[PDB]
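Reviewing the structure listed below.
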Amino acid sequence: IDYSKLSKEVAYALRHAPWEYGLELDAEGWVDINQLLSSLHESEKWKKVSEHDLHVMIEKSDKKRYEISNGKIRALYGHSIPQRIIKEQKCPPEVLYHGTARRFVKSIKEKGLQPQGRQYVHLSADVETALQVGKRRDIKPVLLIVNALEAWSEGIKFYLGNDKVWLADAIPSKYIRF
Ligand SMILES: Nc1ncnc2c1ncn2[C@@H]1O[C@H](COP(=O)(O)OP(=O)(O)OC[C@H]2O[C@H](OP(=O)(O)O)[C@H](O)[C@@H]2O)[C@@H](O)[C@H]1O
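Numbering of the sequence shown is given in our numbering, commencing with residue 385 and proceeding in unit increments.
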């Protein structure tokens, strides 16, 4: 089992297109794990995949993308579906980070950080994690430093993703150090 490719398939089902797998996510993103497995088994590549394989995929991952609880599974962040995933509001640390591509910096300066295709702006707890986010689009990514606690004190909402991935509503440029 190629766990990296399996994770990409699971991400598509749990973040982007659950309907394509015949799945319906609840308000917090959960779906029955046997329903996900049944849907994965529609694809020739994944007919061997067991629940055990999903736990191992999670255990071996660089990132805490998914969690399995009481026979249900969800993605913790990254969703793009029309129905807003309900996340817990959370006061952020003083500073969070956002790694991006050079070609987006002018637009972020003018408009702030926007959720774009996702439901939430995604932020990083540390510099190295943020640079890895930016490296997905740019070999020379730009580190943005977000005055997150200041933004929160002025009404910008932040939400729990995981220990390394923070979520937010749109963040005005005034809170972003370039
Ligand atoms: N006003 C504006 N004008 C122009 N561009 C703007 C803009 N505001 C923001 N942008 C940029 O628009 C891109 C959005 O791109 P994305 O939706 O992929 O967000 P992201 O890059 O944060 O990545 C999410 C997670 O996906 C991966 O997680 P996984 O590995 O899949 O688990 C990562 O690790 C993350 O945690 C980003 O470049 C923004 O900088």
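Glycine included, each C-beta is placed from N, C-alpha and C at the ideal position.
Note down, in chain order, each residue of its chain lying with its Cβ closer than 7 Å to the Cβ of residue i, except the 5 sequence neighbours on either side.
{"i": "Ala554", "result": "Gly496, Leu497, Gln498, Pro499, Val505"}
{"i": "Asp416", "result": "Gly455, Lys456"}
Could you check where the beta strand (DSSP E) with residue i kicks off and where it finishes?
{"i": "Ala554", "result": "Neither: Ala554 is in no beta strand (DSSP E) and is coded neither H nor E."}
Is the distance from the Cβ of residue i to the Cβ of residue j below 8 Å?
{"i": "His439", "j": "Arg502", "result": "no"}
{"i": "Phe562", "j": "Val479", "result": "no"}
{"i": "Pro476", "j": "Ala532", "result": "yes"}
{"i": "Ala411", "j": "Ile470", "result": "yes"}
{"i": "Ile560", "j": "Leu527", "result": "no"}
Just to confirm my understanding: we take residue i, look at its own chain, exclude 5 residues before and 5 after, and list those with CB closer than 8 Å. What are they?
{"i": "residue 565", "result": "Nothing can be reported for residue 565: it is not among the residues displayed for the chain, which extend from 385 to 562."}
{"i": "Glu404", "result": "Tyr396, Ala397"}
The alpha helix (DSSP H) that contains residue i, what's its start and end?
{"i": "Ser422", "result": "417 to 424"}
{"i": "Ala395", "result": "387 to 395"}
{"i": "residue 575", "result": "A question about residue 575 goes unanswered here, because the residues of the chain that appear run from 385 up to 562."}
From residue i to residue j, what distance separates their C-alpha atoms?
{"i": "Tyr461", "j": "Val549", "result": "8 Å"}
{"i": "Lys432", "j": "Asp386", "result": "11 Å"}
{"i": "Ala459", "j": "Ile492", "result": "27 Å"}
{"i": "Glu538", "j": "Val530", "result": "13 Å"}
{"i": "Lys448", "j": "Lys558", "result": "30 Å"}
{"i": "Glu393", "j": "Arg520", "result": "18 Å"}
Any alpha helix (DSSP H) of 4 or more consecutive residues that is wholly inside the region 470 to 548: Here the runs fully enclosed are 489 to 495, 511 to 519, 532 to 537.
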